[PDB]
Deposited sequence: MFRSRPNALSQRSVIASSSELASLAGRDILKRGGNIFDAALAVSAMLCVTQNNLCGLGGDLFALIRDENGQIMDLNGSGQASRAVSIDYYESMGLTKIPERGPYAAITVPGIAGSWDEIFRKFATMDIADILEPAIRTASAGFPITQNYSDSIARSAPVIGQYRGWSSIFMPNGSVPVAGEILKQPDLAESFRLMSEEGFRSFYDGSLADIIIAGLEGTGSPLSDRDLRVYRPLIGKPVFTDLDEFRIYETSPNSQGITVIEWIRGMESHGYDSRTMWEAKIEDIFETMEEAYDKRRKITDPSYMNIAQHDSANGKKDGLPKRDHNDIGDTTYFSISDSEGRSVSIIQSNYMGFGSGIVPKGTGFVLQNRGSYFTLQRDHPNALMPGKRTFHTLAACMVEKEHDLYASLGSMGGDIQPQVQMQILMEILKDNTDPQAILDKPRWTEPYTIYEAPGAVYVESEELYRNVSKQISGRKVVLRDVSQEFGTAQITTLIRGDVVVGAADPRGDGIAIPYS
């Protein structure tokens, strides 16, 4: 049996992120005396520096946070659309669809900073300066990039390379940096510095907020100071479902997390349980999946909830998910993103971060549930999962991917419920995906192994099957679990640059 790398184990805690530097920063915080929540903030901030090719200060964040008493917070750090945009705004320009990049794509407020404010005030114990120190140092000093990071820049050049604010930072010499080259981010360091000095909220109400708005002048961006000031993350409880002695939790809407819950209930109605889903018939897995994805079409801003064209391309959506758990049951399941890679490509002058293009997921069809409206939140691909067994923490997981996050989560979940002692083996397993947005019908099914190619081709009808190499095309997931003796185990996806780090 081959394992990409050993699981990380600890009698106290394990940190699993898509960045070795980020995981180490979280571990150093713990070593310094902070709790896993202090560590979570340090890790999230570091990811905005070493993994901003998949997230950033200009993006959103969703999270499930569990304290030792079992209380779980569902934190929705999704920003709302500008009050200055609307369907008329686009039609007036002659557009019938929101652009994927540019000033008219960056139409929702970055919600991550606000989510940090909530986490810090409710769970942190350390000074904000100590929490953000690692991120600031790494941004100013720089770090030698990996091949995967280099590839991200190369793949982005054709779509956002025209934006000086982005190219001047990630392609300083006019070419794509090679692995090993040092990426320094002085402006980004300054943005973190300001929040360190004025607090997380200053991103929307202080000096940084003014710098952001001023730095967008001339771009045409509709984002205003008021959009930033009125932004507030949504705090609530996770949605969930029980399966035998297990309870599976997911981030609530406008996150698409509930799709996983619906899928499980569907599998359950087919006669499966926590002991048998791992070997469930593939046809039943796809049937219940599409029924769950069907209900997914109604997901949007929660305050608004009270023959579609077939997909012909691979999944669209870049993000970074990380988990941290301790022997006492505390845990975080956090995911953050700009939506498409680096984002819109628009960088507010002097801030060092790209505004997310999450708003391009909105539709201009007025009667569709997810129609663009000023101040509204859009259906969100981000989701975070958590599992309890007999009321105690069992697992904390999540995965990168746009519309495929539920599918990757489910494949991992079905195995984890059977046995959670070797999470890495589970992460290593070949996967399948069937990408399509809430506006599309199922297209081709992608698989990483000949075995899946055969099983799918024979059991799944009317579907084109495509064999692909193992890669982030099938997501990037991390996980931490709790095993006998309250020992924490962590694992990171070989599809990404992640490394799970233990701390005792």
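Of the deposited sequence, just the range 307-318 has no C-alpha coordinates according to the record.
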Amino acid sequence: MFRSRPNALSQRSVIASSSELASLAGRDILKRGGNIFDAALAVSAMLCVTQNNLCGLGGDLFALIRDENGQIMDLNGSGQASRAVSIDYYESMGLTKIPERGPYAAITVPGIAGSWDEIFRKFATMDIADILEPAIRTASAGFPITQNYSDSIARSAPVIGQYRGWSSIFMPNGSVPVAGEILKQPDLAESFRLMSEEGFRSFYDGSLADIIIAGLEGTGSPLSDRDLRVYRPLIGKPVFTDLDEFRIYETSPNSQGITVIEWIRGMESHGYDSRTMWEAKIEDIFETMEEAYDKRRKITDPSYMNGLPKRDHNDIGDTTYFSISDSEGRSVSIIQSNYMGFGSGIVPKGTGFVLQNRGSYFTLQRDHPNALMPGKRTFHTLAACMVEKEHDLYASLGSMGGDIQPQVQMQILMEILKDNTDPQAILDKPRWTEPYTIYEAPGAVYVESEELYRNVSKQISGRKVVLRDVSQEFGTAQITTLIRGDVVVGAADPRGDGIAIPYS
From here on, numbers count along this sequence of modelled residues.
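The PDB entry reports B-factors from which the mean C-alpha value can be compared for 187-195 and 173-181; the larger average falls on 173-181. If you average the C-alpha B-factors over 104-112 and over 389-397, the higher value belongs to 389-397.
When the C-alpha B-factors of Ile335, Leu216, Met289, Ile98 are ranked from the entry, the top spot goes to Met289.
Remark: of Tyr304, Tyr90, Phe322, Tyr231, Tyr304 shows the highest value [criterion: C-alpha B-factor in the PDB entry]. Among the modelled residues of the chain, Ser221 sits in the highest third by CA temperature factor in this PDB entry.
Per the deposited record, the Cα B-factor of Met126 falls in the highest third when ranked against the other modelled residues of its chain.
Ranked by C-alpha B-factor against the other modelled residues of its chain, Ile153 falls in the lowest third. In the PDB entry, a CA B factor belonging to the middle third of its chain's modelled residues is recorded for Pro435. Split the chain's modelled residues into thirds by C-alpha temperature factor. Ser331 is in the lowest one.
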